[PDB]
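Undergrad: Structure file protein25.txt (compact mmCIF, N, CA and C atoms) is given on the next line.
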```txt
# COMPACT_ATOMS: atom_id res chain seq x y z
N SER U 8 -8.63 -8.80 8.60
CA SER U 8 -7.56 -9.76 8.79
C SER U 8 -6.97 -10.20 7.45
N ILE U 9 -6.17 -9.34 6.84
CA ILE U 9 -5.59 -9.72 5.57
C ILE U 9 -4.13 -10.05 5.81
N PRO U 10 -3.69 -11.23 5.35
CA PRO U 10 -2.27 -11.59 5.38
C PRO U 10 -1.43 -10.52 4.68
N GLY U 11 -0.22 -10.27 5.17
CA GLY U 11 0.59 -9.17 4.69
C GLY U 11 0.86 -9.18 3.20
N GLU U 12 1.11 -10.35 2.61
CA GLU U 12 1.44 -10.41 1.19
C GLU U 12 0.24 -10.05 0.32
N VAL U 13 -0.94 -10.55 0.70
CA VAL U 13 -2.21 -10.21 0.05
C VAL U 13 -2.46 -8.72 0.22
N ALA U 14 -2.17 -8.21 1.42
CA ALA U 14 -2.42 -6.80 1.67
C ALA U 14 -1.57 -5.87 0.77
N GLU U 15 -0.29 -6.18 0.60
CA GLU U 15 0.53 -5.32 -0.24
C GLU U 15 0.04 -5.44 -1.70
N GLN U 16 -0.38 -6.62 -2.11
CA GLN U 16 -0.92 -6.77 -3.47
C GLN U 16 -2.21 -5.97 -3.59
N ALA U 17 -3.03 -6.07 -2.55
CA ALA U 17 -4.28 -5.32 -2.50
C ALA U 17 -4.05 -3.82 -2.62
N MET U 18 -3.05 -3.33 -1.90
CA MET U 18 -2.70 -1.93 -1.93
C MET U 18 -2.17 -1.48 -3.30
N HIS U 19 -1.26 -2.26 -3.86
CA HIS U 19 -0.68 -1.93 -5.16
C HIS U 19 -1.81 -1.82 -6.22
N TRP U 20 -2.75 -2.76 -6.23
CA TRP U 20 -3.79 -2.71 -7.28
C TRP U 20 -4.77 -1.57 -7.02
N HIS U 21 -5.08 -1.32 -5.75
CA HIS U 21 -6.01 -0.24 -5.44
C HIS U 21 -5.37 1.09 -5.89
N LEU U 22 -4.10 1.29 -5.56
CA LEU U 22 -3.42 2.54 -5.93
C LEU U 22 -3.35 2.71 -7.46
N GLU U 23 -3.10 1.63 -8.19
CA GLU U 23 -3.04 1.72 -9.65
C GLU U 23 -4.39 2.18 -10.21
N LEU U 24 -5.47 1.65 -9.66
CA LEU U 24 -6.82 2.03 -10.07
C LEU U 24 -7.21 3.43 -9.62
N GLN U 25 -6.41 4.06 -8.75
CA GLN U 25 -6.68 5.44 -8.37
C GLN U 25 -6.02 6.45 -9.29
N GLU U 26 -5.13 6.02 -10.19
CA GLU U 26 -4.50 6.99 -11.07
C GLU U 26 -5.58 7.66 -11.95
N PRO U 27 -5.29 8.87 -12.40
CA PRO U 27 -6.22 9.63 -13.24
C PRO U 27 -6.51 8.92 -14.55
N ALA U 28 -5.49 8.26 -15.06
CA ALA U 28 -5.61 7.43 -16.25
C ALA U 28 -5.06 6.03 -15.98
N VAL U 29 -5.83 4.99 -16.32
CA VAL U 29 -5.43 3.60 -16.18
C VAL U 29 -5.35 2.85 -17.50
N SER U 30 -4.30 2.06 -17.72
CA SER U 30 -4.17 1.28 -18.97
C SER U 30 -5.07 0.03 -18.99
N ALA U 31 -5.43 -0.43 -20.19
CA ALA U 31 -6.19 -1.68 -20.28
C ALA U 31 -5.36 -2.82 -19.76
N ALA U 32 -4.04 -2.77 -19.95
CA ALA U 32 -3.15 -3.78 -19.39
C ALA U 32 -3.26 -3.86 -17.86
N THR U 33 -3.20 -2.71 -17.21
CA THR U 33 -3.33 -2.65 -15.76
C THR U 33 -4.70 -3.15 -15.31
N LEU U 34 -5.78 -2.74 -15.99
CA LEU U 34 -7.09 -3.27 -15.63
C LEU U 34 -7.08 -4.76 -15.68
N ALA U 35 -6.57 -5.29 -16.79
CA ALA U 35 -6.67 -6.72 -17.05
C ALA U 35 -5.93 -7.44 -15.93
N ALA U 36 -4.80 -6.85 -15.56
CA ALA U 36 -3.96 -7.38 -14.50
C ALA U 36 -4.66 -7.31 -13.13
N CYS U 37 -5.28 -6.18 -12.83
CA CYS U 37 -6.01 -6.03 -11.56
C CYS U 37 -7.10 -7.08 -11.41
N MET U 38 -7.86 -7.25 -12.49
CA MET U 38 -8.96 -8.20 -12.51
C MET U 38 -8.47 -9.62 -12.36
N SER U 39 -7.37 -9.93 -13.00
CA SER U 39 -6.82 -11.27 -12.89
C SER U 39 -6.37 -11.54 -11.45
N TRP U 40 -5.77 -10.55 -10.82
CA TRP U 40 -5.41 -10.69 -9.41
C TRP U 40 -6.66 -10.96 -8.55
N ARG U 41 -7.72 -10.19 -8.80
CA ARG U 41 -8.93 -10.28 -7.98
C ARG U 41 -9.55 -11.66 -8.10
N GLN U 42 -9.51 -12.18 -9.33
CA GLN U 42 -10.15 -13.42 -9.69
C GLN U 42 -9.34 -14.66 -9.31
N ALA U 43 -8.06 -14.47 -9.03
CA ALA U 43 -7.11 -15.56 -8.81
C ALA U 43 -7.31 -16.35 -7.52
N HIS U 44 -7.88 -15.69 -6.52
CA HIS U 44 -8.06 -16.27 -5.19
C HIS U 44 -9.13 -15.45 -4.49
N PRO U 45 -10.12 -16.09 -3.82
CA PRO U 45 -11.16 -15.32 -3.12
C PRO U 45 -10.64 -14.34 -2.09
N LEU U 46 -9.46 -14.60 -1.54
CA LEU U 46 -8.95 -13.67 -0.50
C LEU U 46 -8.52 -12.38 -1.19
N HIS U 47 -8.09 -12.49 -2.44
CA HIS U 47 -7.70 -11.29 -3.20
C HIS U 47 -8.92 -10.42 -3.31
N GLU U 48 -10.02 -11.05 -3.75
CA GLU U 48 -11.28 -10.32 -3.91
C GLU U 48 -11.77 -9.72 -2.62
N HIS U 49 -11.71 -10.48 -1.54
CA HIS U 49 -12.16 -10.01 -0.24
C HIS U 49 -11.32 -8.82 0.24
N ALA U 50 -10.02 -8.97 0.10
CA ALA U 50 -9.10 -7.88 0.45
C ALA U 50 -9.47 -6.65 -0.38
N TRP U 51 -9.72 -6.85 -1.67
CA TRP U 51 -10.06 -5.73 -2.52
C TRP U 51 -11.31 -5.00 -2.01
N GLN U 52 -12.35 -5.76 -1.62
CA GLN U 52 -13.65 -5.20 -1.24
C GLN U 52 -13.53 -4.41 0.06
N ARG U 53 -12.90 -5.03 1.04
CA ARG U 53 -12.78 -4.40 2.34
C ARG U 53 -11.96 -3.12 2.24
N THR U 54 -10.93 -3.16 1.42
CA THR U 54 -10.04 -2.01 1.24
C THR U 54 -10.78 -0.87 0.55
N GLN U 55 -11.71 -1.23 -0.36
CA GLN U 55 -12.59 -0.24 -1.00
C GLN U 55 -13.46 0.44 0.06
N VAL U 56 -14.07 -0.36 0.92
CA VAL U 56 -14.95 0.15 1.98
C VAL U 56 -14.20 1.15 2.88
N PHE U 57 -13.06 0.76 3.42
CA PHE U 57 -12.35 1.66 4.33
C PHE U 57 -11.73 2.87 3.65
N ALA U 58 -11.29 2.69 2.41
CA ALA U 58 -10.76 3.84 1.66
C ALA U 58 -11.85 4.89 1.53
N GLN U 59 -13.06 4.44 1.23
CA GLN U 59 -14.19 5.33 1.06
C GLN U 59 -14.50 6.02 2.38
N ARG U 60 -14.56 5.25 3.46
CA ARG U 60 -14.78 5.81 4.79
C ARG U 60 -13.72 6.84 5.15
N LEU U 61 -12.47 6.52 4.87
CA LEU U 61 -11.35 7.42 5.14
C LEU U 61 -11.48 8.76 4.42
N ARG U 62 -11.89 8.72 3.15
CA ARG U 62 -12.09 9.94 2.39
C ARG U 62 -13.20 10.80 2.99
N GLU U 63 -14.30 10.17 3.37
CA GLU U 63 -15.39 10.86 4.05
C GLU U 63 -14.98 11.52 5.38
N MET U 64 -13.78 11.23 5.88
CA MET U 64 -13.30 11.85 7.12
C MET U 64 -12.26 12.96 6.92
N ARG U 65 -11.93 13.27 5.67
CA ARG U 65 -10.94 14.31 5.36
C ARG U 65 -11.63 15.61 4.96
N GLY N 5 22.86 13.13 2.67
CA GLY N 5 23.60 12.31 1.74
C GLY N 5 22.80 12.23 0.47
N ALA N 6 22.88 11.11 -0.24
CA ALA N 6 21.99 10.84 -1.38
C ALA N 6 20.59 11.05 -0.88
N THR N 7 19.83 11.87 -1.57
CA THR N 7 18.74 12.62 -0.97
C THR N 7 17.97 11.97 0.16
N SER N 8 18.08 12.59 1.31
CA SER N 8 17.46 12.08 2.50
C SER N 8 15.99 12.39 2.55
N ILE N 9 15.34 11.79 3.51
CA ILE N 9 13.93 11.98 3.74
C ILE N 9 13.81 12.91 4.93
N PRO N 10 12.99 13.96 4.82
CA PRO N 10 12.75 14.82 5.98
C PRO N 10 12.30 13.97 7.18
N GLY N 11 12.73 14.35 8.37
CA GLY N 11 12.56 13.54 9.56
C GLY N 11 11.13 13.10 9.83
N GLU N 12 10.18 14.02 9.74
CA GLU N 12 8.79 13.66 10.04
C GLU N 12 8.19 12.66 9.02
N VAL N 13 8.55 12.84 7.74
CA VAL N 13 8.16 11.92 6.67
C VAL N 13 8.80 10.55 6.92
N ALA N 14 10.07 10.54 7.33
CA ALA N 14 10.70 9.23 7.55
C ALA N 14 10.01 8.50 8.69
N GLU N 15 9.65 9.29 9.71
CA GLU N 15 9.01 8.73 10.90
C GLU N 15 7.70 8.08 10.45
N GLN N 16 6.95 8.75 9.58
CA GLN N 16 5.71 8.18 9.11
C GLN N 16 5.98 6.96 8.22
N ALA N 17 6.98 7.09 7.35
CA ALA N 17 7.34 5.98 6.46
C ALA N 17 7.70 4.71 7.22
N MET N 18 8.43 4.84 8.32
CA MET N 18 8.82 3.69 9.14
C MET N 18 7.57 3.08 9.77
N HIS N 19 6.69 3.95 10.27
CA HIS N 19 5.46 3.50 10.89
C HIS N 19 4.64 2.69 9.90
N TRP N 20 4.44 3.21 8.69
CA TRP N 20 3.58 2.49 7.75
C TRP N 20 4.25 1.19 7.25
N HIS N 21 5.55 1.21 7.03
CA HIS N 21 6.24 0.02 6.57
C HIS N 21 6.12 -1.12 7.63
N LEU N 22 6.38 -0.77 8.89
CA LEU N 22 6.32 -1.76 9.96
C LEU N 22 4.90 -2.32 10.07
N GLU N 23 3.87 -1.48 9.91
CA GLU N 23 2.48 -1.99 9.92
C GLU N 23 2.27 -3.06 8.83
N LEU N 24 2.82 -2.81 7.64
CA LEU N 24 2.68 -3.75 6.53
C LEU N 24 3.53 -5.00 6.67
N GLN N 25 4.42 -5.03 7.66
CA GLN N 25 5.26 -6.20 7.88
C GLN N 25 4.60 -7.22 8.76
N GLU N 26 3.54 -6.81 9.44
CA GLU N 26 2.81 -7.71 10.32
C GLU N 26 2.30 -8.91 9.52
N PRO N 27 2.12 -10.06 10.21
CA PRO N 27 1.64 -11.26 9.53
C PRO N 27 0.27 -10.99 8.95
N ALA N 28 -0.54 -10.22 9.67
CA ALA N 28 -1.86 -9.80 9.23
C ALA N 28 -2.04 -8.30 9.37
N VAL N 29 -2.62 -7.68 8.34
CA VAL N 29 -2.91 -6.25 8.32
C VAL N 29 -4.40 -6.02 8.14
N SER N 30 -4.97 -5.07 8.86
CA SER N 30 -6.38 -4.79 8.69
C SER N 30 -6.63 -3.94 7.44
N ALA N 31 -7.84 -4.04 6.87
CA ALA N 31 -8.20 -3.18 5.74
C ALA N 31 -8.18 -1.69 6.13
N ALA N 32 -8.56 -1.37 7.36
CA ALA N 32 -8.45 -0.01 7.86
C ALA N 32 -7.00 0.47 7.79
N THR N 33 -6.08 -0.38 8.24
CA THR N 33 -4.66 -0.05 8.19
C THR N 33 -4.18 0.14 6.75
N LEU N 34 -4.61 -0.72 5.82
CA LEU N 34 -4.27 -0.47 4.42
C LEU N 34 -4.76 0.88 3.97
N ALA N 35 -6.03 1.18 4.26
CA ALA N 35 -6.64 2.39 3.72
C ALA N 35 -5.84 3.59 4.23
N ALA N 36 -5.44 3.53 5.49
CA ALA N 36 -4.66 4.61 6.10
C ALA N 36 -3.28 4.75 5.46
N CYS N 37 -2.60 3.63 5.28
CA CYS N 37 -1.30 3.64 4.65
C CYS N 37 -1.37 4.26 3.26
N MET N 38 -2.37 3.86 2.48
CA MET N 38 -2.56 4.35 1.11
C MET N 38 -2.84 5.85 1.07
N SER N 39 -3.63 6.28 2.03
CA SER N 39 -3.99 7.67 2.11
C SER N 39 -2.74 8.51 2.44
N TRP N 40 -1.91 8.01 3.33
CA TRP N 40 -0.65 8.70 3.60
C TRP N 40 0.19 8.76 2.33
N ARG N 41 0.31 7.65 1.61
CA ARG N 41 1.21 7.59 0.45
C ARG N 41 0.73 8.60 -0.58
N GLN N 42 -0.58 8.71 -0.69
CA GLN N 42 -1.26 9.55 -1.68
C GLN N 42 -1.32 11.02 -1.29
N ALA N 43 -1.10 11.31 0.00
CA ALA N 43 -1.29 12.68 0.47
C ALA N 43 -0.22 13.66 -0.03
N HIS N 44 0.98 13.16 -0.35
CA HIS N 44 2.05 14.04 -0.79
C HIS N 44 3.10 13.20 -1.47
N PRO N 45 3.65 13.71 -2.58
CA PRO N 45 4.68 13.05 -3.37
C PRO N 45 5.87 12.57 -2.55
N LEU N 46 6.15 13.28 -1.46
CA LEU N 46 7.30 12.91 -0.63
C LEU N 46 7.00 11.60 0.08
N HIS N 47 5.73 11.40 0.44
CA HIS N 47 5.30 10.19 1.14
C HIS N 47 5.47 8.95 0.26
N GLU N 48 4.93 9.03 -0.96
CA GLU N 48 5.06 7.95 -1.90
C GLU N 48 6.50 7.64 -2.20
N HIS N 49 7.29 8.69 -2.40
CA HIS N 49 8.71 8.52 -2.70
C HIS N 49 9.46 7.85 -1.53
N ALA N 50 9.22 8.34 -0.33
CA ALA N 50 9.81 7.73 0.86
C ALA N 50 9.41 6.28 0.96
N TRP N 51 8.14 5.98 0.66
CA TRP N 51 7.69 4.58 0.75
C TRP N 51 8.47 3.66 -0.18
N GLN N 52 8.67 4.12 -1.42
CA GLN N 52 9.27 3.30 -2.45
C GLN N 52 10.77 3.05 -2.13
N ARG N 53 11.47 4.10 -1.74
CA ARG N 53 12.90 3.99 -1.41
C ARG N 53 13.12 3.10 -0.22
N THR N 54 12.22 3.21 0.73
CA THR N 54 12.27 2.37 1.92
C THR N 54 12.04 0.88 1.56
N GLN N 55 11.15 0.60 0.61
CA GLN N 55 10.96 -0.79 0.15
C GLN N 55 12.26 -1.31 -0.46
N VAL N 56 12.87 -0.49 -1.30
CA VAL N 56 14.14 -0.83 -1.94
C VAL N 56 15.27 -1.18 -0.93
N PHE N 57 15.51 -0.30 0.03
CA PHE N 57 16.57 -0.52 0.99
C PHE N 57 16.24 -1.63 1.97
N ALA N 58 14.97 -1.77 2.34
CA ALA N 58 14.60 -2.91 3.20
C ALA N 58 14.93 -4.20 2.47
N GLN N 59 14.61 -4.28 1.18
CA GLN N 59 14.89 -5.51 0.43
C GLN N 59 16.39 -5.76 0.37
N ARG N 60 17.16 -4.72 0.05
CA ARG N 60 18.61 -4.85 -0.02
C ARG N 60 19.21 -5.35 1.28
N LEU N 61 18.76 -4.76 2.38
CA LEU N 61 19.21 -5.13 3.71
C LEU N 61 18.90 -6.59 3.99
N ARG N 62 17.69 -7.03 3.62
CA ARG N 62 17.28 -8.42 3.83
C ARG N 62 18.22 -9.36 3.08
N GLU N 63 18.55 -9.02 1.84
CA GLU N 63 19.54 -9.77 1.05
C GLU N 63 20.96 -9.78 1.67
N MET N 64 21.19 -8.94 2.68
CA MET N 64 22.49 -8.88 3.36
C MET N 64 22.49 -9.63 4.69
N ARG N 65 21.33 -10.16 5.05
CA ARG N 65 21.18 -10.93 6.28
C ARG N 65 21.20 -12.40 5.91
```
Re-express the file's structure as structure tokens.

TA:
Amino acid sequence: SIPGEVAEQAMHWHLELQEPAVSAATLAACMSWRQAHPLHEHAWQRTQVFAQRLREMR
Amino acid sequence: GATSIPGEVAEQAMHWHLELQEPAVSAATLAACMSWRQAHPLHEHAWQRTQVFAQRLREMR
């Protein structure tokens, strides 16, 4: 149950962290988002879990 | 016209955009949307252009 705005932020940061190469700026930014509100962190965690499950099904 | 999206890609792009418009989205739904975007360059591109035009349209309402 992630609110839509949190979800799009969650998606944008997850996708950035999937690039082959990530900048320190982007990391710093991702972490700041995660740390800014517990729902950010929760959204991040759950999205990690299902992304992993999804890959295991391809 | 100005480069269109193949029909099946657009159909998927509309589906994923509308899912993300819901007041609440599941993590499963995010993971699926991301996987689609990542599966082919056309998907990601369609997603981005669709965000752009949806925003423009909203500014016209």

Undergrad: Please provide the set of residues having any atom within 8 Å of region 41-48 of chain U, restricted to only N, CA and C atoms, with same-chain residues fewer than 4 positions apart removed, written as a PyMOL selection string.

TA: chain U and resi 9+13-14+16-17+35-37+52-54

Undergrad: Any idea what's packed within 9 Å of residue 21 (chain N), counting only C-alpha atoms, ignoring anything in its chain fewer than 3 positions away? Could you give it as a short mmCIF file (atom, residue, chain, number, x, y, z; two decimals) with N, CA and C atoms, in the coordinates of the input?

TA:
```cif
data_model
loop_
_atom_site.label_atom_id
_atom_site.label_comp_id
_atom_site.auth_asym_id
_atom_site.auth_seq_id
_atom_site.Cartn_x
_atom_site.Cartn_y
_atom_site.Cartn_z
N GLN N 16 6.95 8.75 9.58
CA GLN N 16 5.71 8.18 9.11
C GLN N 16 5.98 6.96 8.22
N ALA N 17 6.98 7.09 7.35
CA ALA N 17 7.34 5.98 6.46
C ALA N 17 7.70 4.71 7.22
N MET N 18 8.43 4.84 8.32
CA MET N 18 8.82 3.69 9.14
C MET N 18 7.57 3.08 9.77
N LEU N 24 2.82 -2.81 7.64
CA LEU N 24 2.68 -3.75 6.53
C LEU N 24 3.53 -5.00 6.67
N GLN N 25 4.42 -5.03 7.66
CA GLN N 25 5.26 -6.20 7.88
C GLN N 25 4.60 -7.22 8.76
N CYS N 37 -2.60 3.63 5.28
CA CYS N 37 -1.30 3.64 4.65
C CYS N 37 -1.37 4.26 3.26
N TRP N 51 8.14 5.98 0.66
CA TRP N 51 7.69 4.58 0.75
C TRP N 51 8.47 3.66 -0.18
N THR N 54 12.22 3.21 0.73
CA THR N 54 12.27 2.37 1.92
C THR N 54 12.04 0.88 1.56
N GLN N 55 11.15 0.60 0.61
CA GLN N 55 10.96 -0.79 0.15
C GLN N 55 12.26 -1.31 -0.46
#
```

Undergrad: Please determine, counting only C-alpha atoms, which residue among N:53, N:33, N:6, N:12 has the shortest atom-to-atom distance to chain U.

TA: N:33

Undergrad: Which chain N residues are at most 6 Å from chain U (counting only N, CA and C atoms), as a PyMOL selection string?

TA: chain N and resi 24+26-32+35

Undergrad: Restricting it to N, CA and C atoms, dump the selection as a compact mmCIF listing (two decimals), in the coordinates of the input.

TA:
```txt
# COMPACT_ATOMS: atom_id res chain seq x y z
N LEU N 24 2.82 -2.81 7.64
CA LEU N 24 2.68 -3.75 6.53
C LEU N 24 3.53 -5.00 6.67
N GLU N 26 3.54 -6.81 9.44
CA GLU N 26 2.81 -7.71 10.32
C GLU N 26 2.30 -8.91 9.52
N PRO N 27 2.12 -10.06 10.21
CA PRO N 27 1.64 -11.26 9.53
C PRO N 27 0.27 -10.99 8.95
N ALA N 28 -0.54 -10.22 9.67
CA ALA N 28 -1.86 -9.80 9.23
C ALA N 28 -2.04 -8.30 9.37
N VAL N 29 -2.62 -7.68 8.34
CA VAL N 29 -2.91 -6.25 8.32
C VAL N 29 -4.40 -6.02 8.14
N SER N 30 -4.97 -5.07 8.86
CA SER N 30 -6.38 -4.79 8.69
C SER N 30 -6.63 -3.94 7.44
N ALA N 31 -7.84 -4.04 6.87
CA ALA N 31 -8.20 -3.18 5.74
C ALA N 31 -8.18 -1.69 6.13
N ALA N 32 -8.56 -1.37 7.36
CA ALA N 32 -8.45 -0.01 7.86
C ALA N 32 -7.00 0.47 7.79
N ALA N 35 -6.03 1.18 4.26
CA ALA N 35 -6.64 2.39 3.72
C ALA N 35 -5.84 3.59 4.23
```

Undergrad: Record the distance separating atom C of residue 63 (chain U) and atom N of residue 39 (chain U), expressed in Å with one decimal.

TA: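 One can read the atom C of residue 63 (chain U) to atom N of residue 39 (chain U) distance as 29.3 Å.
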
Undergrad: If I take atom C of residue 65 (chain N) and atom N of residue 22 (chain N), how far is one from the other in Å, to one decimal?

TA: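 Separating atom C of residue 65 (chain N) from atom N of residue 22 (chain N) is a distance of 19.1 Å.
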
Undergrad: What is the distance, in Å and to one decimal place, between CA of residue 26 (chain U) and CA of residue 40 (chain N)?

TA: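 So the two atoms, CA of residue 26 (chain U) and CA of residue 40 (chain N), lie 15.3 Å apart.
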
Undergrad: I need the residues of chain N that end up classed as helix (DSSP H, G or I) by DSSP on the backbone, written out as a VMD selection string.

TA: chain N and resid 11 to 25 31 to 43 45 to 62
